[PDB]
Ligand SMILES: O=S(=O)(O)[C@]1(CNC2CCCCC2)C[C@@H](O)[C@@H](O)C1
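This document opens with one chain alone, in structure tokens, the form solved without the named molecule.
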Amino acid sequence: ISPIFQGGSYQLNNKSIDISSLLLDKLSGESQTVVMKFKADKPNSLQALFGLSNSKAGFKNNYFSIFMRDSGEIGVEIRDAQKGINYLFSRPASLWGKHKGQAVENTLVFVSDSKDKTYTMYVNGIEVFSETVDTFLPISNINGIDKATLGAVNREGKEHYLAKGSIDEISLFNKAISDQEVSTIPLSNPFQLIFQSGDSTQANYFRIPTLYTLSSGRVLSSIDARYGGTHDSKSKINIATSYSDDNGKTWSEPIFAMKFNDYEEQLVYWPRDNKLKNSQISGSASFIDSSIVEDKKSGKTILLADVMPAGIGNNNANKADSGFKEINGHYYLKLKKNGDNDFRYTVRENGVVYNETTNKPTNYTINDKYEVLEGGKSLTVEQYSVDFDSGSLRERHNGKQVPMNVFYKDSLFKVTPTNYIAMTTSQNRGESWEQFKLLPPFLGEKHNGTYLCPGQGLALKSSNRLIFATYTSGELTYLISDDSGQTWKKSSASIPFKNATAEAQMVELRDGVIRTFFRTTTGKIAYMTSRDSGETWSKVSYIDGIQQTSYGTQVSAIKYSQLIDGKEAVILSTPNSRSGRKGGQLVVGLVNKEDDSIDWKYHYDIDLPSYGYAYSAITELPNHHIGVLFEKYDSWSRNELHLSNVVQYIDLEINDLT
């Protein structure tokens, strides 16, 4: 259908533009669509892009607005004091501000559908909210509307919520356009999606991105596919992967690298209201925080992640138990059988379940998928599904049988309720993944596993050495393999912190010389150095010129292949803010060959200082461009939980950064 009104190139310079005579008499019927292409790289704190109001004295609360905040939040108000209606719908972190220093043209589509009684907002091709109401308020049925306004709302004759920005194009339709029609509207997106709601993972949420460039030229990404909102474990979370063979222009449909099936893969809209938002899937096993490296020698791609048994997360994990029993120099996985108070079993060689009290093998075995067999026959459990149909979160059996896994709630034999690290490998560069295997304890029988640092492992350039950083209380614990990941040893580097989330990423400054950058509790990013390929580590120092919050945020880092200003270069990706997870930057450091110190010379702004930026992944793409996959929202904020499609990918060139 043709638009009833269309205008363009409006500059919003803290002065409203009146379009009443062009639009108001054209509005008819109870359904409308607004399509608006707009820029705002220096927004006010709160500003209206579009308003329909009763501007008469005594009717200040009779209006419709489309508004934004300098946080990147988008929203609408629909109000009529006579009808007693005051709707306010919004979602944080919905907008772009700048990309490569130029203002981004955001494409906004707002559908007011009277038949459905639903208000739906899309920005940049992403649905950010869809709200169904009991009593529908058509945007043009507001009592006494007499002004149509761009860049403010006219209330009682005055300009409220003045906007700074521009509207390149605005169209209105006297119809609620269908989802199919919305999808045909052209976009000018500065970003891509690799993982997204509705894809093959069927997760509605995603966190903790990784990127790694393989020697073939293929670029690989992994991620937490989070089902029960954006919550850390305890929850349902799988590790998913996708790859690109064209320098990041397109990406394969995701597959899983690690997955559990005790709960259904459900695409669920997790509630965002204050009463329900902390609802958390509490009976599911999960994976969380993945990291990838490529092994030159074997050709294998190796991926590690934390594993959490049913109902377990960092919070309630059995500290003081590895989950393993050491028996004459070997670690065996412990099991507790239904009805016992203690863990009287171990998993011996060939998956044989052994009774530690009677010292006899049982007629139970654990296969390579950690599934329980009895007399060689596969046992099963019934799968759970989740719903909020009763007004609160419900977890219940759904009629479907799946293999009984020792990480599951319903399993006859259960592992120790603590955190583990698992490893999987791919021999076809991410096209498929082998069944995962648990790594052994590294810090003793009665110490819970260390926590994997998400992002990349490190493959040393002049040897076969592989290193994955992990952390625990009081130290970074580096896991080192010289045999393609078949065996691992630890290298402990104490840090002056108790219980910090010390997420660490490494760069090889030169042969044998490793610099590790890591998150702390001090508001500054820290670093340490190894000059012997990770055997021993320096004391801790801190980077100046970058701010983090007290709780900190994961940081990613690479050694760039090409010289910059004649020097070896490291690139760092992090929020640069003392206030929240926002103000995303790539910081380019030039290495001083004399002393290995780094001159942090260039700071590239990913988007606005006030716009969200949390966990991130960076890689040098085969064409020497930089790929960034990152959480474009404040993933700490309790106001920004459970947003869909905020993990986004962008392509940059080195000249963009300098």
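Note that residue numbering follows the sequence shown and begins at 1.
What follows is about the form solved in complex with the named molecule, which we do not show.
No atom of the named molecule, overlaid from where it sits in the bound PDB entry, falls within 2.4 angstroms of a backbone or C-beta atom of the displayed form, which makes the pocket open. Distance criterion of 4.5 Å from any heavy atom to the named molecule in the bound PDB entry singles out 620 from the list 620, 596, 70, 41. Scanning 213, 481, 244, 426 against the named molecule in the bound PDB entry with a 4.5 Å heavy atom cut-off leaves one residue, 213. The named molecule is not drawn, but in the bound PDB entry it has no heavy atom within 4.5 Å of residue 26. Though the partner is left out of this view, residue 558 does reach within 4.5 Å of the named molecule in the bound PDB entry, counting heavy atoms only.
Although the partner is absent from this view, residue 284 stays clear of the named molecule in the bound PDB entry, with no non-hydrogen atom inside 4.5 angstroms.
Though the partner is left out of this view, residue 456 does reach within 4.5 Å of the named molecule in the bound PDB entry, counting heavy atoms only.
The candidate stretches are 62 to 70, 32 to 40, 612 to 620, 49 to 57, and the one lying within 4.5 Å of the named molecule in the bound PDB entry by heavy atoms is 612 to 620. Annotation for 624 to 657: the only interface residue with the named molecule in the bound PDB entry is 624 [heavy atom within 4.5 Å].
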